[PDB]
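Coming up is one lone chain in structure tokens, specifically the form deposited in one PDB entry.
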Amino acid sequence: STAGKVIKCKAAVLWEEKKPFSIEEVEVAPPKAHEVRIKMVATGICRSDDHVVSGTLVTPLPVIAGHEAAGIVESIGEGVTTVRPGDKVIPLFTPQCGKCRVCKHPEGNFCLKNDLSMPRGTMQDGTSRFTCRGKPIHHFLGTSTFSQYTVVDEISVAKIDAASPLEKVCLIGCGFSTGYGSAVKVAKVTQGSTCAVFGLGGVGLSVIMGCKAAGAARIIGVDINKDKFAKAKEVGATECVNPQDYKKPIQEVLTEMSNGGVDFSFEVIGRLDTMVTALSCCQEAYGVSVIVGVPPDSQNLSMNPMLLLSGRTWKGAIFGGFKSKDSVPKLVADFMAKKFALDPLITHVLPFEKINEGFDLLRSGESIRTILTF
């Protein structure tokens, strides 16, 4: 019906940083060879999308942001073999080309065709499929889900279970998987351990969920916003600490309460100082610290290398270490089988047209994940 033809639809365009999104009419070109056009059904507001606005995460403007979503294939380009019109799908911000050295390596997931390192804001062929006022609008990480319709490369899409509830599983697109994998796959939290989680928003609460699934005996949530404590406790936190309540640095407090330092720490805020602080609070001979938060573009941190020399492990990862195409389907299956919960991360549901209000909820500290419905 719309197959093979341009579609005109609503999309929230970010014309310049620091500005509200502009809900306008855009035109979405039909898919080319190995491209897939998807009808968005639900998209979550992740803090990284707000990073495109604030300048924290750099990518070419003007742009259609959004990367945490779920939709239905409207049509496929020639040669696509992994999805079909009608399929429920989850757009993949980190692609899985299956052919590069990282895709072939058993532990890598940062596919070399990503658009994160040298951001082009385009589709794999170097062009855009979006147009607004006669001008080309960039893509965001081969996803751009803040639109009723988007076009993604085949290596940036995964087919999921036809009965999943897309208004929930969209979290697997980013928030939930990132948090969870960080703990279980990257850190590899062990049973009986002591974990410290910095930052209690959506990804942090998912870190907490994974630690709790991993068998952790103590999970310390750290946040400067005490309204975040209750939910953190609800998903697994055994204690919660607000750094503003103490007279000494939080690493001292946490090393004191962990009797010497935690086995696993997680930075899930996106601040150079807490990254350092997170590493330090982990046991000096065998502690592991995972950076999940995105730092302000191009800024460096300062740290004493003796923090590593004594035996500490410092690591980071995009999307909880998950090889995107292969895990997303497994993750939805697991959610279908009640292996984990997504509801705790959803505090607000709004119509896509109220996207600007959804960022206001995020910025004021009132929400965790706001789900936008199309």
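Heads up, when I say rigid core I mean the largest set of C-alphas that superpose within 1.5 Å between the two forms. One-based numbering along the sequence shown.
As recorded in the PDB entry, 244 to 252 is the stretch of 244 to 252 and 195 to 203 with the greater mean C-alpha temperature factor. Of the two stretches examined, 346 to 354 and 7 to 15, the record assigns the greater average C-alpha temperature factor to 346 to 354.
Annotation for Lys39, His67, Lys339, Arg47: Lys339 ranks highest, by Cα B-factor. Within the selection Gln283, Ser144, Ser265, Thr238, the deposited Cα B-factor values reach their highest point at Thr238. The deposited CA B-factor of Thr190 belongs to the middle third of values across its chain. Ranked by Cα temperature factor within the chain, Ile172 sits in the lowest third according to the deposited record.
Sorting the modelled residues of the chain by their CA temperature factor places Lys88 in the lowest third. Among the modelled residues of the chain, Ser298 sits in the highest third by CA temperature factor in this PDB entry. In the PDB entry, a CA B factor belonging to the middle third of its chain's modelled residues is recorded for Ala230.
Below, we turn to the form deposited in another entry, even though it does not appear here.
Fit the rigid core and compare the CA positions between this form and the one not shown: of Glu78, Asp125, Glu107, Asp297, just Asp297 moves by 2 angstroms or more. The Cα shift for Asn242 between this form and the one not shown, taken after rigid core superposition, is 2 angstroms or larger. The Cα-Cα distance between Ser298 and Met123 is lengthened by 3 Å or more in the other entry relative to the form shown here.
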